[PDB]
């Protein structure tokens, strides 16, 4: 729950820029390989992918975090561990999540959903995130 996850006062304007990182572009597509527009407007192209010693972590910049509810990210039909690293306040409202990706992975699905306050819940059952280039970690940097 992104609405609930951005509550943590500790994550309010926390640092998440210190790291050997790379700019990697991507496309957000639906079940018919058409530009999934809501996500296209919300998520940032390109995604900053940070390098570690084990696995490279991709950071996603999602806007309107107050409306974003569910946001599960799967690699090869397996749920990756998503975590909030930082969050911007009411007017900006950008939430920043990170998750590890295996070497060579270029595509990963996003099962997500939005909800304005306690209103109707809009479900997005399938959203494919295709990178322009396969993600490869670099422990040397």
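Positions refer to the first chain, counted from 1.
Quick one: higher average CA temperature factor, 104-112 or 42-50? The stretch with the larger mean CA B-factor is 104-112.
Would you tell me which stretch averages the higher CA B-factor in the PDB entry, 126-134 or 7-15? Per the PDB entry, the higher value belongs to 7-15.
Identity of residue with top Cα B-factor, from 32, 86, 36, 63: By C-alpha B-factor in the record, 32 ranks first.
Which third of the chain holds residue 75 when residues are ordered by C-alpha B factor: lowest, middle or highest? Highest third.
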